[PDB]
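**Student:** The following block contains the structure, expressed as structure tokens.
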Amino acid sequence: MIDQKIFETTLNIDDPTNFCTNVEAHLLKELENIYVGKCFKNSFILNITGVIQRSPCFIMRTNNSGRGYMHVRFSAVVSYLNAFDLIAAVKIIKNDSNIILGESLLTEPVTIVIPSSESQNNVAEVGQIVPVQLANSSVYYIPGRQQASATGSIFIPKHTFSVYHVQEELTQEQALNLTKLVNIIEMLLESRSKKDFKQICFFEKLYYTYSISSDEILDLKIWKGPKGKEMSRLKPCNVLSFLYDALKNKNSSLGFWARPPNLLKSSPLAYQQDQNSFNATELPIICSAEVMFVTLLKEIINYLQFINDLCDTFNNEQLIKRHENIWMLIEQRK
Amino acid sequence: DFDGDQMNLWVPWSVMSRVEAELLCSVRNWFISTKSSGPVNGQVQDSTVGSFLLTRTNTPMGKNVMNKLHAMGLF
Ligand SMILES: [Mg+2]
């Protein structure tokens with residue numbers, strides 16, 4: 001997840017006379033040099049946006065250097081990676097590190113640590129690209145480092161799911177929060193439509209959970225079209241459409257929600273059922289509809305980002321075949 | 001006094017200290033005593049009696065006068 005975070009810092013101004021000739025430009029350049037490309041305060045900082053507040057260029061009191069410091073408050077574009085987050089492109093660097101190490105080549109620099117105890121790895125040699133699912137271990141943003149540090153497993157579609165029992169209604173402020181979230185998903189869906197469709201079909205079939213879902217049947221461009229395939233059980237609902245009509249304040253959400261593995265993960269579809277008709281291996285969780293919509297919406301966000309980056313990085317069929325030892329492995333573990 | 005006293009002397013080298021030393025800590029600021037509000041310095045011993053001898057009216061020789069050459073030599 002990329003985002004914007006407001007930071008606070010104190011600079012050191014070696015030449016206050018030359019610095020003040022253009023305060024804002026020099027301040028922005030100093031901030032960009034210092035903080036871009038390095039994680040700082042539990043965020044990665046991809047790009048420095050203009051400053052919000054700053055102090056007058058003071059003079060260093062406790063030394064005869066004559067330099068100034070000046071305090072700066074600024075906002076920056078930060079990439080924060082979470083648990084269960086989906087990363088679609090990871091390069092293996094070394095096999096001598098038997099614990100297995102990788103380096104993500106997406107827009108968010110992360111160095112991944114895929115444990116070798118699981119047998120689904122140690123099959124990927126050095127130089128090939130394979131996606132990773134981030135485990136529940138928290139991404140470590142050690143300050144000053146050029147990239148995030150995290151541990152995660154090679155993605156298997158994980159045919160498990162969670163049912164959600166709602167007991168609180170949405171308010172208009174929460175409605176606006178999830179409407180910003182669906183704005184994000186609309187951007188992602190437009191990006192998906194902009195790609196060469198057959199690659200999304202292939203990657204979606206590969207990471208679909210239950211069965212191979214027969215054949216090419218039921219085109220799945222998804223964008224502005226609630227089309228889908230498989231159709232295992234129960235009538236689904238469009239979480240997006242539920243959102244906009246909830247923004248119109250019609251529908252209540254006081255029900256049981258789930259996205260079982262039979263659904264297409266990148267689709268905005270889900271099931272709203274009144275009395276828990278799902279075959280859950282877990283107890284329903286009793287909490288508010290803001291939690292449910294946040295969780296499902298960001299699940300869709302990371303699944304669709306996953307497929308988008310997989311389609312983007314695999315622009316040609318030769319690269320897929322170069323990493324052939326992963327595709328048949330995942331097809332084995334369906 | 002000069003009976004064997006030793007006093008420390010350090011020369012500032014930093015620009016901030018050098019600017020400070022001449023502007024703030026110069027001895028001209030300690031001419032007037034902070035303690036007593038009066039002057040600290042003046043003539044002592046050789047000059048306190050020297051000022052009296054110079055400015056007294058009559059010497060044992062006569063009137064306390066000097067010719068031009070010795071008046072010039074005082075300066
Ligand atoms: Mg003495």
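Numbering starts fresh at 1 for the residues of each chain in the structure tokens, the chains themselves are lettered A, B, ... in the order given, and ligands are numbered from 1 as they appear.
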At a cut-off of 10 Å, which residues of chain A touch chain B? Count only C-alpha atoms and give the answer as a PyMOL selection string.
**Tutor:** chain A and resi 63-66
**Student:** Based on the selection just made, write N, CA and C atoms of those residues as a short mmCIF file (atom, residue, chain, number, x, y, z; two decimals), in the first residue's frame.
**Tutor:**
```cif
data_model
loop_
_atom_site.label_atom_id
_atom_site.label_comp_id
_atom_site.auth_asym_id
_atom_site.auth_seq_id
_atom_site.Cartn_x
_atom_site.Cartn_y
_atom_site.Cartn_z
N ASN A 63 27.35 25.41 19.71
CA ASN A 63 28.65 25.26 19.08
C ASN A 63 28.97 26.52 18.29
N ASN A 64 30.26 26.73 18.05
CA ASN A 64 30.75 27.88 17.31
C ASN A 64 30.82 27.62 15.81
N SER A 65 30.06 26.66 15.31
CA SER A 65 30.13 26.33 13.89
C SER A 65 29.44 27.38 13.03
N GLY A 66 28.45 28.07 13.58
CA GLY A 66 27.71 29.06 12.82
C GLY A 66 26.65 28.50 11.90
#
```
**Student:** Each residue of chain B with at least one atom at most 8 Å from ligand 1 should appear once, together with its nearest atom pair and the corresponding distance in Å (one decimal); atoms considered: only C-alpha atoms and all ligand atoms; ordering: chain, then increasing residue number; output as JSON lines.
**Tutor:**
```
{"residue": "B:1", "atom": "CA", "partner": "ligand 1", "partner_atom_place_in_ligand_line": "1 (Mg)", "distance": 4.7}
{"residue": "B:2", "atom": "CA", "partner": "ligand 1", "partner_atom_place_in_ligand_line": "1 (Mg)", "distance": 5.9}
{"residue": "B:3", "atom": "CA", "partner": "ligand 1", "partner_atom_place_in_ligand_line": "1 (Mg)", "distance": 4.7}
{"residue": "B:4", "atom": "CA", "partner": "ligand 1", "partner_atom_place_in_ligand_line": "1 (Mg)", "distance": 5.6}
{"residue": "B:5", "atom": "CA", "partner": "ligand 1", "partner_atom_place_in_ligand_line": "1 (Mg)", "distance": 4.7}
```
**Student:** Give me, as a PyMOL selection string, all polymer residues having an atom no more than 10 Å from residue A:216, counting only C-alpha atoms and skipping those fewer than 6 positions away in the same chain.
**Tutor:** chain A and resi 198+201-202+205+229
**Student:** What is the distance between atom CA of residue A:251 and atom CA of residue A:181, in Å to one decimal?
**Tutor:**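 The value is 18.5 Å.
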**Student:** Got a sec to tell me which of stretch 88-224 of chain A DSSP assigns to strand (DSSP E), as a list in words?
**Tutor:** residues 90, 91, 92, 93, 94, 101, 102, 103, 104, 110, 111, 112, 113, 132, 133, 134, 148, 149, 150, 151, 152, 153, 154, 163, 164, 165 and 166 of chain A
**Student:** Quick check, in Å to one decimal: how far apart do atom CA of residue A:111 and atom CA of residue A:148 lie?
**Tutor:**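 Spanning atom CA of residue A:111 to atom CA of residue A:148 is a straight-line distance of 6.1 Å.
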**Student:** Using only C-alpha atoms, which residues sit within 6 Å of stretch 95-110 of chain A once same-chain residues fewer than 4 positions away are excluded, as a PyMOL selection string?
**Tutor:** chain A and resi 89-91+114-116+147-149
**Student:** Just to be explicit: take each residue in the selection above, keep N, CA and C atoms, and write the result as a PDB file, in the first residue's frame.
**Tutor:**
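Output below, filename selection_22.pdb:
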```
ATOM      1  N   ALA A  89       5.806 -10.079  -7.518  1.00  0.00           N
ATOM      2  CA  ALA A  89       7.078 -10.243  -8.210  1.00  0.00           C
ATOM      3  C   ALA A  89       8.206 -10.204  -7.195  1.00  0.00           C
ATOM      4  N   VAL A  90       8.876 -11.341  -7.013  1.00  0.00           N
ATOM      5  CA  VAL A  90      10.007 -11.469  -6.104  1.00  0.00           C
ATOM      6  C   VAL A  90      11.129 -12.194  -6.826  1.00  0.00           C
ATOM      7  N   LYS A  91      12.317 -11.601  -6.823  1.00  0.00           N
ATOM      8  CA  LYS A  91      13.489 -12.210  -7.432  1.00  0.00           C
ATOM      9  C   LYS A  91      14.302 -12.935  -6.368  1.00  0.00           C
ATOM     10  N   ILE A 114      11.643 -16.052   2.631  1.00  0.00           N
ATOM     11  CA  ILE A 114      10.738 -17.187   2.487  1.00  0.00           C
ATOM     12  C   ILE A 114      11.371 -18.376   3.205  1.00  0.00           C
ATOM     13  N   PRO A 115      10.786 -18.865   4.297  1.00  0.00           N
ATOM     14  CA  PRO A 115      11.402 -19.982   5.023  1.00  0.00           C
ATOM     15  C   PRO A 115      11.470 -21.232   4.159  1.00  0.00           C
ATOM     16  N   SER A 116      12.552 -21.992   4.325  1.00  0.00           N
ATOM     17  CA  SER A 116      12.754 -23.200   3.537  1.00  0.00           C
ATOM     18  C   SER A 116      12.155 -24.442   4.180  1.00  0.00           C
ATOM     19  N   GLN A 147      15.346  -0.619   1.924  1.00  0.00           N
ATOM     20  CA  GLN A 147      14.172  -1.403   1.576  1.00  0.00           C
ATOM     21  C   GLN A 147      13.589  -2.007   2.843  1.00  0.00           C
ATOM     22  N   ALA A 148      12.324  -2.398   2.754  1.00  0.00           N
ATOM     23  CA  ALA A 148      11.661  -3.051   3.870  1.00  0.00           C
ATOM     24  C   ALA A 148      12.190  -4.466   4.047  1.00  0.00           C
ATOM     25  N   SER A 149      12.051  -4.983   5.262  1.00  0.00           N
ATOM     26  CA  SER A 149      12.421  -6.354   5.583  1.00  0.00           C
ATOM     27  C   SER A 149      11.185  -7.089   6.076  1.00  0.00           C
TER      28      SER A 149
END
```
**Student:** Need to verify the contact set: stretch 206-212 of chain A, 7 Å, only C-alpha atoms, exclusion of same-chain residues closer than 4 positions in sequence. Can you return it as a ChimeraX atom specification?
**Tutor:** /A:157,159,202,261-262,264,331,334
